[PDB]
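Below: one structure, written as structure tokens.
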Ligand SMILES: O=P(O)(O)O[C@H]1[C@H](OP(=O)(O)O)[C@@H](OP(=O)(O)O)[C@H](OP(=O)(O)O)[C@@H](OP(=O)(O)O)[C@H]1OP(=O)(O)O
Ligand SMILES: *P(=O)(O)OC[C@H]1O[C@@H](n2cnc3c(N)ncnc32)[C@H](O)[C@@H]1O
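Now the structure itself:
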């Protein structure tokens, strides 16, 4: 199933994944599609900073909600 | 094709370009080695200032050609 | 070294340069314009001993070439060397100057010349010059040989430093510092630079290394490098060393360079020239051939060619043809060069002389110090473009008329001089550039026509001790006087016909009222001497509003640039961007310094906040509220007050005497230099690690360290004295200088304890305590508000700032800085030298002639220079750019649309008029920074039915205003198309 | 309930207010406290024109794109004659230590805009007495990568063509306000889940909670700013009961760690401060009239 996710440039990514997509598999897939390292990929949604191990359905929320990201916090 | 960019203060920069490249891409290549933004740099060849939107073939730039990088000063 | 007169020079050169140029002897021959200007330049440099020489006498023709001669000198027929020795002696008391008139010929003994170390020759016959070069070069050590000559619009320059010359610094650019990320124990070793920050280096350069973990053997060693990638390179074998752990700093190491020269005679057969215009690289060889042919003709006929004498022209052409084949390269012959040289062989041109003199003085500096790379080995400057646009002028216009301007008429003719005498030029700024501006203009006799021709200068600045180093127009008895008035008084001596207006105004939008557009249109050309880009942009926008020619230049140190703008031909000054100083996050500045400049900036900001912001806030607070009991009641009633906590804390901590201020300084030192490190280490232990396990306190961060106080440390005592005196000055507490003695301060601190390291009610309690102590008097709510002064030696600003910066470096294990560098960085002082400014002044004065000529777009040039190489370039200026919008409508930067309206004229009327006249509807209207109609913001829709006189609220003195308009993009969601400037008149 | 909250307040997201009055001499008379006196008064160059077009385009987006929700909402006021004088207030996100807060900012547009990122500062600093978030300096300094420029990483910095004001608003409202700002400091996320890190997080969160209870509500209501006055009166009026409920939950949670010894005394001090704040806060809410 596909998804909506937006970024700094606002790309609303829409790509098919699995219902048990573990967030480490999500990091792998993100580095497949873009090659960006998972260390910058601190995915956040529904008030939860995503931890790798559990699957997509392990959180009980499902697809199509526009998700977004936070960087590793660099200081001012 | 090989070209040289000699800035004032004697620093020499080596560049790889091909005819048909656009002046703006040629100057953006400078940033990868110097950090100077494209909008901040003026480059001169054969007594003419290279205008944006043109290509190297228009100015007849060939192998081992030399381009100068110049800046304005503030003191007085 | 008296810093008050050589502060800029020290930063330009360095102490070794001043030490070497001391105890130096230079011989110069020929009291022409070139000799005079080189002499003034070197005296401004400040050589201990210089000897001049000349055997000729004053002439009426010498008036147009010498700016220190007088009509009395010509009347008395004095030797040219004697009549100027006094004036040049006035420049520097520390410079000893000697004059000589010993006859020189083939039989003259040259053994006496060994006393000097360098020789400068001008207006000398060629074979004698060759003989002198041979004698000088045969010496052990050889004496530097320098020669230059000028004929009309032609200049020749040659240099010879012997078989081998040594350079102690090729470029003069400070080496950079990097951070080591990874190193491989490989043969050859591979070094990985930190993330980003490409090294920008080159293969073969040497770097020294330090604080490398694992390979302690690589610390203190110098390795020649081999660039591999933008962020990596190669070093020697490292397999025999320990594994790399972390850290490492590499800095480039400069290397002395040896160069070589040749004899004059050998170089004549194949000169090693330097190219300044890549458009015609073949020109210098032809010019050298023409100069050699001219020398041959002059030797043969003992005379210069006559203007209009075609036989002289063909004879010179035949001589050049004979010479050209003889050359090693065997070049061709440029007939027009020969014709023009023969036509104007007897003229003299001032700005070319000035530029040649500046570059020659710089090369003499290179010879005496070896601090820069010398020029090798030839130079030829020329300004033929001015005479190229003349078509075919007659020789009669060049004929002399028996005046001081005979040479200039022989150069360009009488007509251009007549056009020159009628120019109304405006000058802004009166720095070092403005003085030589005025000197050159006096030499040109600009504006001397009674009916027309005017010069205006405005500068609010006064005369300062350091200004005399660069500004020769001013004397030590002129200190604290308007620059404009003193400069005008100095310049009017040379020529009585000068019509000059001098003002103390600073150009700015507020003063624009005196500078109305009628005044601008009255002027014909404007020259800039500004030091800041904001005023430059403002002046650009002013001149563009009048379509007026403008000239701009700028110099730092050994670099300089010149720019020319012409109405309807080129782009604006604002058409290009300038790189501002980069920003530093406090994440660095406040907490994680990595360089001495960071500590300098932090100390400067702390000083500013403490001694400027805080007293002003306190006084504003206590002038807003008259009574302190009133404030106490308002606090007790729960009312909020702005900045109340800070002011009450300051007042409760108000010292009353000298000892209290001393204790305050001591505790401030304790807090600043001891407790901060403790708190930072408490929040972050030295062993704290990151997610990867890498140390948080890794590069570029440096761990701090608390410092224990010691009065016996001179730095600590100096900083304490600075802090105490600043506190006493701020709090209006008088004191005696004997209190600053170390013994008295020790007596004060011998009973001083220090607290160890670890709201509204307390503030109210302190306020009540102050009230019951009668500490709320009107005098108590006051302290002096201070301003930074880097030019005062006793105020202690620099002393305190340097001490604080050194300490802040110290606890972070950073190398401190001396007083001079700290002062230069804090004041952001711009180094400069007389040679560069003189050369750029000559260049801009020369280009002014082309500006006057009304020549086509191809005649003008812009030049950028860096004599440290040395390097000079001449390029054609940017052409004007076209901007189309829609429906085939296009415009330029010079185009301006105009619409006349009425008193009942409305916004819909304006839209209808503009759309009718130009076919496009203005989608928005804004007057400068205040909007007039934006449909997005609610309520601007009702603005369409308003009187435009009402909506604008203009000033009566102006009958028109200029507004900004835009137009809807063809595709919605895109940025609106910008509109050309529109000038609206309130009435016809 | 939340439907009514969003419905009523949608008309007040974007609006305008008059702050500067110019006399006959051109002097700038500011009617309210603004952090940028000197910059506005001194920088009088009108050479910039592209900034006007850029802000005209921005006004279209910012008039409709303002986030508005029960958790957090955006409301902005700007000068009715100038363009570089900004003011904005945000409502604290639900369940955060800054829950249902109200904080003000002052934003100045430089002349060289959009070639440079604008300026911004806090306004509810408590007289600079409170440092709220690692990314929030107590004096009021605001630091954002999209609002600054250095060597660093190219895409993150201020991009004149792509970086937008609304993006800055979103970055602030989202990244600055998080559930656990204690681990915002890099190097502390190494100790996530550890009992010591958890205890330190609890203590820091209690500190933040008591500080925001003191300043973000009581001080705001007692001496409101003229600009966002009616807006805050309406917003705080509706959320009184939930504010009381979360205050009681916080106080009950604060009481749980008073038995500790490592953090017990400071924890109880935070409890006492919170109770003292709530004592007057309840009275103030009971005195609040219906808008
Ligand atoms: O007002 P500033 O010039 O910005 O300096 C202040 C000031 O220090 P000084 O009085 O020594 O100049 C604060 O002290 P108070 O007068 O407010 O008590 C101090 O706060 P602390 O005493 O609580 O340490 C603060 O430091 P910080 O912001 O780290 O708390 C420090 O700021 P700077 O030293 O960075 O200017
Ligand atoms: P350099 O710094 O040697 O000399 C510059 C001089 O120009 C004057 N100046 C600076 N800025 C202005 C403006 N805006 N208007 C008029 N004059 C200006 C400085 O005072 C120096 O004298």
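Protein chains in written order, with the entry's author numbering: chain C, 1 to 76; chain E, 1 to 76; chain B, 39 to 796, 820 to 1049; chain A, 4524 to 4814.
Just so it is clear, CB atoms sit at the ideal spot from N, CA and C, and this is done for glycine as well.
Consider the C-beta atom of residue i and the heavy atoms of ligand 2; say whether any pair is separated by less than 7 Å.
i: residue 520/B; result: no
i: residue 566/B; result: no
i: residue 760/B; result: no
i: residue 616/B; result: no
i: residue 897/B; result: no
i: residue 544/B; result: yes
To the nearest angstrom, how far is the alpha carbon of residue i from that of residue j?
i: residue 4698/A; j: residue 555/B; result: 52 Å
i: residue 71/B; j: residue 196/B; result: 18 Å
i: residue 790/B; j: residue 616/B; result: 54 Å
i: residue 4598/A; j: residue 4567/A; result: 28 Å
i: residue 4721/A; j: residue 76/C; result: 25 Å
i: residue 226/B; j: residue 282/B; result: 15 Å
i: residue 73/B; j: residue 451/B; result: 25 Å
i: residue 716/B; j: residue 277/B; result: 41 Å
i: residue 246/B; j: residue 54/B; result: 23 Å
Between the Cα of residue i and the Cα atoms of the options, which residue gives the shortest distance?
i: residue 219/B; options: 228/B, 62/B, 213/B; result: 228/B
i: residue 694/B; options: 620/B, 374/B, 655/B, 773/B; result: 773/B
i: residue 336/B; options: 59/B, 383/B, 147/B; result: 383/B
i: residue 271/B; options: 278/B, 263/B, 277/B; result: 263/B
i: residue 4639/A; options: 4626/A, 4628/A, 4673/A, 4750/A; result: 4673/A
i: residue 354/B; options: 333/B, 368/B, 363/B; result: 333/B
i: residue 95/B; options: 69/B, 952/B, 172/B; result: 69/B
i: residue 254/B; options: 273/B, 895/B, 284/B; result: 284/B
i: residue 947/B; options: 937/B, 954/B, 926/B, 982/B; result: 982/B
i: residue 472/B; options: 902/B, 990/B, 937/B, 1033/B; result: 902/B
Less than 7 Å between the CB of residue i and some heavy atom of ligand 1, yes or no?
i: residue 709/B; result: yes
i: residue 687/B; result: yes
i: residue 695/B; result: no
i: residue 647/B; result: yes
i: residue 644/B; result: yes
i: residue 4658/A; result: no
i: residue 4661/A; result: yes
i: residue 889/B; result: no
Does residue i get closer than 8 Å to chain B when you measure Cβ to Cβ?
i: residue 4617/A; result: no
i: residue 4580/A; result: yes
Hey, is residue i's beta-carbon within less than 8 Å of any beta-carbon in chain C?
i: residue 4719/A; result: no
Is there a C-beta anywhere in chain E that falls below 8 Å from the one on residue i?
i: residue 622/B; result: no
i: residue 597/B; result: yes
Please decide whether residue i counts as near chain A, where near means a Cβ-Cβ distance under 8 Å.
i: residue 56/C; result: no
i: residue 655/B; result: no
### Task
Would you check if there are 3 or more beta carbon pairs closer than 8 Å linking the stretch 184-199 of chain B to the stretch 412-419 of chain B?
In short, these stretches touch, since the Cβ pair count reaches three.
#### Entry: the stretch 578-585 of chain B contacting the stretch 913-922 of chain B, beta-carbon criterion three pairs below 8 Å
Verdict: no, contact absent.
### Meets three-Cβ-pair contact criterion under 8 Å: the stretch 104-113 of chain B and the stretch 426-438 of chain B
As far as the Cβ criterion goes, the stretch 104-113 of chain B does not touch the stretch 426-438 of chain B, which means the pair count is below three.
### Message
Taking 8 Å as the cut-off, does the stretch 560-576 of chain B touch the stretch 504-514 of chain B (at least 3 CB pairs, one atom from each stretch)?
### Response
The answer is no - the stretch 560-576 of chain B does not touch the stretch 504-514 of chain B, with fewer than three Cβ pairs under 8 Å.
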